[PDB]
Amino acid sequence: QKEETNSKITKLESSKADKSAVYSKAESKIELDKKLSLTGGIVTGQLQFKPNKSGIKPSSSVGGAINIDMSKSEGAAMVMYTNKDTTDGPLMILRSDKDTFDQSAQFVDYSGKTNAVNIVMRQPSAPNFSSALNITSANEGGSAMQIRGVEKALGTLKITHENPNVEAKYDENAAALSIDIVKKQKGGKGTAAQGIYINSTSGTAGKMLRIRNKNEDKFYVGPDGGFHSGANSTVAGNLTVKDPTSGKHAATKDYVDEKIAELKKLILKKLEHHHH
């Protein structure tokens, strides 16, 4: 015992941490479990990104406010899933508001051996008016959509219509491609727009329009504009042509009339001076 164990007690009261002024390990676990671990976890509220002088890059490998690199991992980078019956908005939205914006909303830069982007609308229980992909532009200065391919032996755009039913005449009103040409919806007075415009700006040796059925040629328009039709055909009007110079060329009115006039002349000549 002394008078100075009271010094040692005061050193402990001074130098050791009070319970009320620090978190216990259990309180710490509680508070840490409310935070996202780098190894994964479940976010139940809104996660907002608001980068601001944050070194975010445009790079298509290392950029982005979010960047997901799957180079060393199996699996998808990102999945958005819903089994909801109905809801108040789309799964994914990309939006840009300034008409000076000089980049795309979405850029896909794809190397690989399957389809870069693949959009599937599954069979509904009841048919309805909806599409896999809808495109709309209100920009008059540009094509709403552009496609450019380098196919050796295929179409740049390939469209297949497939009968949804087993019965051969169920799809008789359907088409692979349907084109409409309309006046302005709000107060338009008409339109002069064309349906299909085909050109070859460099010049092609190929057929401009080729039609087949069961793989057999039925109708074509050649590079010179001449056509070949494979069956009986009709013009509800006159057909202007060149005068024929071969047996199966269509005859003109001039050709008929000239032939008639030649025969006439020869016969009238024989009539005016036959003797018995």
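All residue numbers refer to positions in the sequence shown, first residue = 1.
Higher average CA B factor: 182-190, of the stretches 149-157 and 182-190. Per the PDB record, of the two stretches 16-24 and 251-259, 16-24 carries the greater mean B-factor over its C-alpha atoms. Per the deposited coordinates, the residue with the largest Cα temperature factor out of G45, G222, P58, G41 is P58. Ranking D88, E167, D109, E162 by the C-alpha B-factor listed in the PDB entry places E167 at the top. Per the deposited record, the Cα B-factor of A65 falls in the lowest third when ranked against the other modelled residues of its chain.
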